[PDB]
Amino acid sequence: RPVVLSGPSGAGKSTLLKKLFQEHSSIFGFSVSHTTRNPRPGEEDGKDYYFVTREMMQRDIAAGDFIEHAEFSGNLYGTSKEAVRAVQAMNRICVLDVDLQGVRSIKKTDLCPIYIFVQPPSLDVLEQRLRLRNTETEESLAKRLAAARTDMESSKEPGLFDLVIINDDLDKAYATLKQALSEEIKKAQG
């Protein structure tokens, strides 16, 4: 059963997932999404995302290559069918990191995952960590924080998410994440 992690920008998803993959790369495979945004230092094409142009993406979207796509804070993102098929082909549990539109779209597909919402202690803390990571422009930060307020609604929409994890203390959040996935982990014999 695949895993979908969602939550506001700055919540701690990449951080939690980096910990999950370093401990369980034998069991999990990451879905590499396509995006039009520019790489951040340390990000790697084909690893964090497939960094492409809006033009190609729109072309591939129309060609039917994507499971879902969404505009987020000025940029286009999407889960191509191939990024998920590749993981499943290697017999690994596919893990996706997407926004709320992505979650709503995936609910209408046959991926059938467990949905987890990563929530910051509060918006103030979220803003402080996001600003500190210092990877977004002020305009980008404004859009992300606006989206965060708006989307935090969802962690509560009845039946939407299977679980909500508060990323206050990181070790604690990570233990919570692994417990949620303990079955998949144990079954895979990891």
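Residue positions are given as counts along the sequence shown, with the first one as 1.
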21 to 29 versus 8 to 16: which one carries the higher mean Cα B factor per the record? 21 to 29
Please compare 152 to 160 with 38 to 46 and say which has the higher mean C-alpha temperature factor in the record. 152 to 160
Take the CA temperature factors straight from the PDB entry and tell me which of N91, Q101, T109, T79 peaks. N91
Going by the entry, which third of its chain does the Cα temperature factor of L170 land in? middle
